[PDB]
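Visitor: PDB, N, CA and C atoms, saved as upload_34.pdb, coming up:
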```
ATOM      1  N   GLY A   1      23.361  18.098  45.963  1.00  0.00           N
ATOM      2  CA  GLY A   1      24.721  18.533  46.397  1.00  0.00           C
ATOM      3  C   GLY A   1      25.753  18.091  45.368  1.00  0.00           C
ATOM      4  N   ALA A   2      25.628  16.853  44.903  1.00  0.00           N
ATOM      5  CA  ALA A   2      26.563  16.321  43.918  1.00  0.00           C
ATOM      6  C   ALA A   2      26.450  17.075  42.597  1.00  0.00           C
ATOM      7  N   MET A   3      27.589  17.279  41.943  1.00  0.00           N
ATOM      8  CA  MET A   3      27.613  17.987  40.669  1.00  0.00           C
ATOM      9  C   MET A   3      26.824  17.221  39.614  1.00  0.00           C
ATOM     10  N   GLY A   4      26.954  15.899  39.625  1.00  0.00           N
ATOM     11  CA  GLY A   4      26.244  15.065  38.664  1.00  0.00           C
ATOM     12  C   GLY A   4      26.912  15.104  37.291  1.00  0.00           C
ATOM     13  N   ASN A   5      28.160  15.566  37.249  1.00  0.00           N
ATOM     14  CA  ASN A   5      28.888  15.650  35.989  1.00  0.00           C
ATOM     15  C   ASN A   5      29.524  14.310  35.637  1.00  0.00           C
ATOM     16  N   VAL A   6      30.157  14.259  34.472  1.00  0.00           N
ATOM     17  CA  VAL A   6      30.810  13.041  34.011  1.00  0.00           C
ATOM     18  C   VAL A   6      32.139  13.390  33.345  1.00  0.00           C
ATOM     19  N   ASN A   7      33.048  12.425  33.253  1.00  0.00           N
ATOM     20  CA  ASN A   7      34.342  12.671  32.623  1.00  0.00           C
ATOM     21  C   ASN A   7      34.716  11.493  31.728  1.00  0.00           C
ATOM     22  N   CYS A   8      35.422  11.769  30.632  1.00  0.00           N
ATOM     23  CA  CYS A   8      35.828  10.708  29.720  1.00  0.00           C
ATOM     24  C   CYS A   8      37.333  10.481  29.850  1.00  0.00           C
ATOM     25  N   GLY A   9      37.752   9.224  29.784  1.00  0.00           N
ATOM     26  CA  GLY A   9      39.167   8.900  29.922  1.00  0.00           C
ATOM     27  C   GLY A   9      39.994   9.602  28.851  1.00  0.00           C
ATOM     28  N   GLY A  10      39.463   9.659  27.638  1.00  0.00           N
ATOM     29  CA  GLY A  10      40.169  10.307  26.539  1.00  0.00           C
ATOM     30  C   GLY A  10      40.220  11.822  26.725  1.00  0.00           C
ATOM     31  N   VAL A  11      39.121  12.403  27.202  1.00  0.00           N
ATOM     32  CA  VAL A  11      39.064  13.851  27.398  1.00  0.00           C
ATOM     33  C   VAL A  11      38.166  14.237  28.566  1.00  0.00           C
ATOM     34  N   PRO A  12      38.358  15.398  29.126  1.00  0.00           N
ATOM     35  CA  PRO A  12      37.477  15.877  30.199  1.00  0.00           C
ATOM     36  C   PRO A  12      36.246  16.503  29.561  1.00  0.00           C
ATOM     37  N   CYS A  13      35.083  15.987  29.900  1.00  0.00           N
ATOM     38  CA  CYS A  13      33.847  16.499  29.327  1.00  0.00           C
ATOM     39  C   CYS A  13      32.709  16.333  30.326  1.00  0.00           C
ATOM     40  N   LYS A  14      32.211  17.452  30.845  1.00  0.00           N
ATOM     41  CA  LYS A  14      31.139  17.425  31.842  1.00  0.00           C
ATOM     42  C   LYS A  14      29.879  16.753  31.311  1.00  0.00           C
ATOM     43  N   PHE A  15      29.537  17.014  30.054  1.00  0.00           N
ATOM     44  CA  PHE A  15      28.344  16.415  29.469  1.00  0.00           C
ATOM     45  C   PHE A  15      28.446  16.367  27.950  1.00  0.00           C
ATOM     46  N   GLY A  16      28.119  15.216  27.374  1.00  0.00           N
ATOM     47  CA  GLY A  16      28.172  15.055  25.925  1.00  0.00           C
ATOM     48  C   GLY A  16      28.525  13.621  25.552  1.00  0.00           C
ATOM     49  N   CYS A  17      28.827  13.402  24.276  1.00  0.00           N
ATOM     50  CA  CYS A  17      29.182  12.068  23.810  1.00  0.00           C
ATOM     51  C   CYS A  17      30.690  11.960  23.626  1.00  0.00           C
ATOM     52  N   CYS A  18      31.287  10.939  24.231  1.00  0.00           N
ATOM     53  CA  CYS A  18      32.727  10.749  24.127  1.00  0.00           C
ATOM     54  C   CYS A  18      33.058   9.616  23.158  1.00  0.00           C
ATOM     55  N   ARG A  19      33.694   9.974  22.049  1.00  0.00           N
ATOM     56  CA  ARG A  19      34.082   8.999  21.039  1.00  0.00           C
ATOM     57  C   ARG A  19      35.477   9.313  20.510  1.00  0.00           C
ATOM     58  N   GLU A  20      36.228   8.273  20.159  1.00  0.00           N
ATOM     59  CA  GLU A  20      37.577   8.461  19.640  1.00  0.00           C
ATOM     60  C   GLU A  20      38.379   9.391  20.548  1.00  0.00           C
ATOM     61  N   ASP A  21      38.227   9.210  21.854  1.00  0.00           N
ATOM     62  CA  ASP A  21      38.941  10.037  22.821  1.00  0.00           C
ATOM     63  C   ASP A  21      38.658  11.519  22.588  1.00  0.00           C
ATOM     64  N   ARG A  22      37.427  11.825  22.189  1.00  0.00           N
ATOM     65  CA  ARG A  22      37.026  13.208  21.942  1.00  0.00           C
ATOM     66  C   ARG A  22      35.556  13.403  22.306  1.00  0.00           C
ATOM     67  N   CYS A  23      35.263  14.457  23.061  1.00  0.00           N
ATOM     68  CA  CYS A  23      33.889  14.729  23.468  1.00  0.00           C
ATOM     69  C   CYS A  23      33.230  15.721  22.514  1.00  0.00           C
ATOM     70  N   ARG A  24      32.126  15.296  21.906  1.00  0.00           N
ATOM     71  CA  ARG A  24      31.400  16.145  20.970  1.00  0.00           C
ATOM     72  C   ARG A  24      29.998  16.440  21.492  1.00  0.00           C
ATOM     73  N   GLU A  25      29.618  17.713  21.471  1.00  0.00           N
ATOM     74  CA  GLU A  25      28.289  18.099  21.922  1.00  0.00           C
ATOM     75  C   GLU A  25      27.465  18.574  20.733  1.00  0.00           C
ATOM     76  N   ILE A  26      27.021  17.613  19.920  1.00  0.00           N
ATOM     77  CA  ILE A  26      26.215  17.893  18.729  1.00  0.00           C
ATOM     78  C   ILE A  26      26.090  16.624  17.886  1.00  0.00           C
ATOM     79  N   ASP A  27      24.974  16.486  17.181  1.00  0.00           N
ATOM     80  CA  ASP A  27      24.762  15.320  16.331  1.00  0.00           C
ATOM     81  C   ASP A  27      24.905  14.023  17.123  1.00  0.00           C
ATOM     82  N   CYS A  28      24.427  14.027  18.362  1.00  0.00           N
ATOM     83  CA  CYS A  28      24.505  12.834  19.197  1.00  0.00           C
ATOM     84  C   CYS A  28      23.322  12.775  20.158  1.00  0.00           C
ATOM     85  N   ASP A  29      22.672  11.616  20.217  1.00  0.00           N
ATOM     86  CA  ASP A  29      21.526  11.435  21.100  1.00  0.00           C
ATOM     87  C   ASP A  29      21.943  11.621  22.557  1.00  0.00           C
TER      88      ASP A  29
END
```
Turn this file's structure into structure tokens for me.
Guide:
Amino acid sequence: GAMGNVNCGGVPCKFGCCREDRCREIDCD
């Protein structure tokens, strides 16, 4: 039932790596 998503304080990002207040979906484990 739960979306299972995530959010970053710097930016809204359902899934990915959040760095420097920026979510990047690439070149990240």
Visitor: Which residues, named as in the file, does the PyMOL selection byres ((chain A and resi 22) around 8) pick out? Answer as a VMD selection string.
Guide: chain A and resid 8 to 13 16 to 21 23 to 25
Visitor: Please report the interatomic distance between atom C of residue 14 of chain A and atom CA of residue 1 of chain A in Å with one decimal.
Guide: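 One can read the atom C of residue 14 of chain A to atom CA of residue 1 of chain A distance as 16.0 Å.
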Visitor: Atom C of residue 6 of chain A to atom N of residue 26 of chain A: how many Å, to one decimal?
Guide: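 According to the coordinates, atom C of residue 6 of chain A and atom N of residue 26 of chain A are separated by 15.0 Å.
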Visitor: Tell me, which residues of chain A carry DSSP strand (DSSP E or B), written as a list in words?
Guide: residues 17, 18, 19, 22, 23 and 24 of chain A
Visitor: Pull N, CA and C atoms from the residues just selected and write them as a PDB file, in the coordinates of the input.
Guide:
```pdb
ATOM      1  N   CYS A  17      28.827  13.402  24.276  1.00  0.00           N
ATOM      2  CA  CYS A  17      29.182  12.068  23.810  1.00  0.00           C
ATOM      3  C   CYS A  17      30.690  11.960  23.626  1.00  0.00           C
ATOM      4  N   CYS A  18      31.287  10.939  24.231  1.00  0.00           N
ATOM      5  CA  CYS A  18      32.727  10.749  24.127  1.00  0.00           C
ATOM      6  C   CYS A  18      33.058   9.616  23.158  1.00  0.00           C
ATOM      7  N   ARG A  19      33.694   9.974  22.049  1.00  0.00           N
ATOM      8  CA  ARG A  19      34.082   8.999  21.039  1.00  0.00           C
ATOM      9  C   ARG A  19      35.477   9.313  20.510  1.00  0.00           C
ATOM     10  N   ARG A  22      37.427  11.825  22.189  1.00  0.00           N
ATOM     11  CA  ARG A  22      37.026  13.208  21.942  1.00  0.00           C
ATOM     12  C   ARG A  22      35.556  13.403  22.306  1.00  0.00           C
ATOM     13  N   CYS A  23      35.263  14.457  23.061  1.00  0.00           N
ATOM     14  CA  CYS A  23      33.889  14.729  23.468  1.00  0.00           C
ATOM     15  C   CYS A  23      33.230  15.721  22.514  1.00  0.00           C
ATOM     16  N   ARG A  24      32.126  15.296  21.906  1.00  0.00           N
ATOM     17  CA  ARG A  24      31.400  16.145  20.970  1.00  0.00           C
ATOM     18  C   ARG A  24      29.998  16.440  21.492  1.00  0.00           C
TER      19      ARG A  24
END
```
Visitor: What is the distance, in Å and to one decimal place, between atom CA of residue 29 of chain A and atom C of residue 15 of chain A?
Guide: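 It comes out at 10.9 Å.
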Visitor: Once 3 Å is added on each side, what centre and edge lengths in Å to one decimal does the axis-aligned box around all listed atoms of segment 12-29 of chain A have, as lines of an AutoDock Vina configuration file?
Guide:
```
center_x = 30.2
center_y = 13.4
center_z = 24.1
size_x = 23.4
size_y = 16.3
size_z = 21.5
```
Visitor: Kindly add N, CA, C and O atoms to the incomplete segment 2-24 of chain A and provide the output as a PDB file, in the coordinates of the input.
Guide:
```pdb
ATOM      1  N   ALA A   2      25.628  16.853  44.903  1.00  0.00           N
ATOM      2  CA  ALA A   2      26.563  16.321  43.918  1.00  0.00           C
ATOM      3  C   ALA A   2      26.450  17.075  42.597  1.00  0.00           C
ATOM      4  O   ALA A   2      25.356  17.461  42.181  1.00  0.00           O
ATOM      5  N   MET A   3      27.589  17.279  41.943  1.00  0.00           N
ATOM      6  CA  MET A   3      27.613  17.987  40.669  1.00  0.00           C
ATOM      7  C   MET A   3      26.824  17.221  39.614  1.00  0.00           C
ATOM      8  O   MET A   3      26.107  17.815  38.808  1.00  0.00           O
ATOM      9  N   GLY A   4      26.954  15.899  39.625  1.00  0.00           N
ATOM     10  CA  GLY A   4      26.244  15.065  38.664  1.00  0.00           C
ATOM     11  C   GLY A   4      26.912  15.104  37.291  1.00  0.00           C
ATOM     12  O   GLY A   4      26.305  14.729  36.290  1.00  0.00           O
ATOM     13  N   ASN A   5      28.160  15.566  37.249  1.00  0.00           N
ATOM     14  CA  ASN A   5      28.888  15.650  35.989  1.00  0.00           C
ATOM     15  C   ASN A   5      29.524  14.310  35.637  1.00  0.00           C
ATOM     16  O   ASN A   5      29.445  13.349  36.402  1.00  0.00           O
ATOM     17  N   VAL A   6      30.157  14.259  34.472  1.00  0.00           N
ATOM     18  CA  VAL A   6      30.810  13.041  34.011  1.00  0.00           C
ATOM     19  C   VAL A   6      32.139  13.390  33.345  1.00  0.00           C
ATOM     20  O   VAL A   6      32.339  14.525  32.932  1.00  0.00           O
ATOM     21  N   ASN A   7      33.048  12.425  33.253  1.00  0.00           N
ATOM     22  CA  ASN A   7      34.342  12.671  32.623  1.00  0.00           C
ATOM     23  C   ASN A   7      34.716  11.493  31.728  1.00  0.00           C
ATOM     24  O   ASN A   7      34.373  10.349  32.027  1.00  0.00           O
ATOM     25  N   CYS A   8      35.422  11.769  30.632  1.00  0.00           N
ATOM     26  CA  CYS A   8      35.828  10.708  29.720  1.00  0.00           C
ATOM     27  C   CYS A   8      37.333  10.481  29.850  1.00  0.00           C
ATOM     28  O   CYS A   8      38.096  11.427  30.030  1.00  0.00           O
ATOM     29  N   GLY A   9      37.752   9.224  29.784  1.00  0.00           N
ATOM     30  CA  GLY A   9      39.167   8.900  29.922  1.00  0.00           C
ATOM     31  C   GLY A   9      39.994   9.602  28.851  1.00  0.00           C
ATOM     32  O   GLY A   9      41.094  10.082  29.122  1.00  0.00           O
ATOM     33  N   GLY A  10      39.463   9.659  27.638  1.00  0.00           N
ATOM     34  CA  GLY A  10      40.169  10.307  26.539  1.00  0.00           C
ATOM     35  C   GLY A  10      40.220  11.822  26.725  1.00  0.00           C
ATOM     36  O   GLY A  10      41.231  12.456  26.427  1.00  0.00           O
ATOM     37  N   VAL A  11      39.121  12.403  27.202  1.00  0.00           N
ATOM     38  CA  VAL A  11      39.064  13.851  27.398  1.00  0.00           C
ATOM     39  C   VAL A  11      38.166  14.237  28.566  1.00  0.00           C
ATOM     40  O   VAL A  11      37.241  13.508  28.923  1.00  0.00           O
ATOM     41  N   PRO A  12      38.358  15.398  29.126  1.00  0.00           N
ATOM     42  CA  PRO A  12      37.477  15.877  30.199  1.00  0.00           C
ATOM     43  C   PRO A  12      36.246  16.503  29.561  1.00  0.00           C
ATOM     44  O   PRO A  12      36.359  17.428  28.757  1.00  0.00           O
ATOM     45  N   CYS A  13      35.083  15.987  29.900  1.00  0.00           N
ATOM     46  CA  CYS A  13      33.847  16.499  29.327  1.00  0.00           C
ATOM     47  C   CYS A  13      32.709  16.333  30.326  1.00  0.00           C
ATOM     48  O   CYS A  13      32.304  15.215  30.624  1.00  0.00           O
ATOM     49  N   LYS A  14      32.211  17.452  30.845  1.00  0.00           N
ATOM     50  CA  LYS A  14      31.139  17.425  31.842  1.00  0.00           C
ATOM     51  C   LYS A  14      29.879  16.753  31.311  1.00  0.00           C
ATOM     52  O   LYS A  14      29.223  16.011  32.041  1.00  0.00           O
ATOM     53  N   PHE A  15      29.537  17.014  30.054  1.00  0.00           N
ATOM     54  CA  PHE A  15      28.344  16.415  29.469  1.00  0.00           C
ATOM     55  C   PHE A  15      28.446  16.367  27.950  1.00  0.00           C
ATOM     56  O   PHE A  15      28.811  17.356  27.313  1.00  0.00           O
ATOM     57  N   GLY A  16      28.119  15.216  27.374  1.00  0.00           N
ATOM     58  CA  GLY A  16      28.172  15.055  25.925  1.00  0.00           C
ATOM     59  C   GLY A  16      28.525  13.621  25.552  1.00  0.00           C
ATOM     60  O   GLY A  16      28.529  12.731  26.402  1.00  0.00           O
ATOM     61  N   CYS A  17      28.827  13.402  24.276  1.00  0.00           N
ATOM     62  CA  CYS A  17      29.182  12.068  23.810  1.00  0.00           C
ATOM     63  C   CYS A  17      30.690  11.960  23.626  1.00  0.00           C
ATOM     64  O   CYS A  17      31.303  12.790  22.954  1.00  0.00           O
ATOM     65  N   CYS A  18      31.287  10.939  24.231  1.00  0.00           N
ATOM     66  CA  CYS A  18      32.727  10.749  24.127  1.00  0.00           C
ATOM     67  C   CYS A  18      33.058   9.616  23.158  1.00  0.00           C
ATOM     68  O   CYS A  18      32.754   8.452  23.416  1.00  0.00           O
ATOM     69  N   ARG A  19      33.694   9.974  22.049  1.00  0.00           N
ATOM     70  CA  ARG A  19      34.082   8.999  21.039  1.00  0.00           C
ATOM     71  C   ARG A  19      35.477   9.313  20.510  1.00  0.00           C
ATOM     72  O   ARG A  19      35.866  10.476  20.423  1.00  0.00           O
ATOM     73  N   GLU A  20      36.228   8.273  20.159  1.00  0.00           N
ATOM     74  CA  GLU A  20      37.577   8.461  19.640  1.00  0.00           C
ATOM     75  C   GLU A  20      38.379   9.391  20.548  1.00  0.00           C
ATOM     76  O   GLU A  20      39.120  10.252  20.072  1.00  0.00           O
ATOM     77  N   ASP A  21      38.227   9.210  21.854  1.00  0.00           N
ATOM     78  CA  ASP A  21      38.941  10.037  22.821  1.00  0.00           C
ATOM     79  C   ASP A  21      38.658  11.519  22.588  1.00  0.00           C
ATOM     80  O   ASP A  21      39.532  12.365  22.778  1.00  0.00           O
ATOM     81  N   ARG A  22      37.427  11.825  22.189  1.00  0.00           N
ATOM     82  CA  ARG A  22      37.026  13.208  21.942  1.00  0.00           C
ATOM     83  C   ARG A  22      35.556  13.403  22.306  1.00  0.00           C
ATOM     84  O   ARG A  22      34.704  12.610  21.910  1.00  0.00           O
ATOM     85  N   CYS A  23      35.263  14.457  23.061  1.00  0.00           N
ATOM     86  CA  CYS A  23      33.889  14.729  23.468  1.00  0.00           C
ATOM     87  C   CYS A  23      33.230  15.721  22.514  1.00  0.00           C
ATOM     88  O   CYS A  23      33.707  16.841  22.335  1.00  0.00           O
ATOM     89  N   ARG A  24      32.126  15.296  21.906  1.00  0.00           N
ATOM     90  CA  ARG A  24      31.400  16.145  20.970  1.00  0.00           C
ATOM     91  C   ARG A  24      29.998  16.440  21.492  1.00  0.00           C
ATOM     92  O   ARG A  24      29.269  15.530  21.888  1.00  0.00           O
TER      93      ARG A  24
END
```
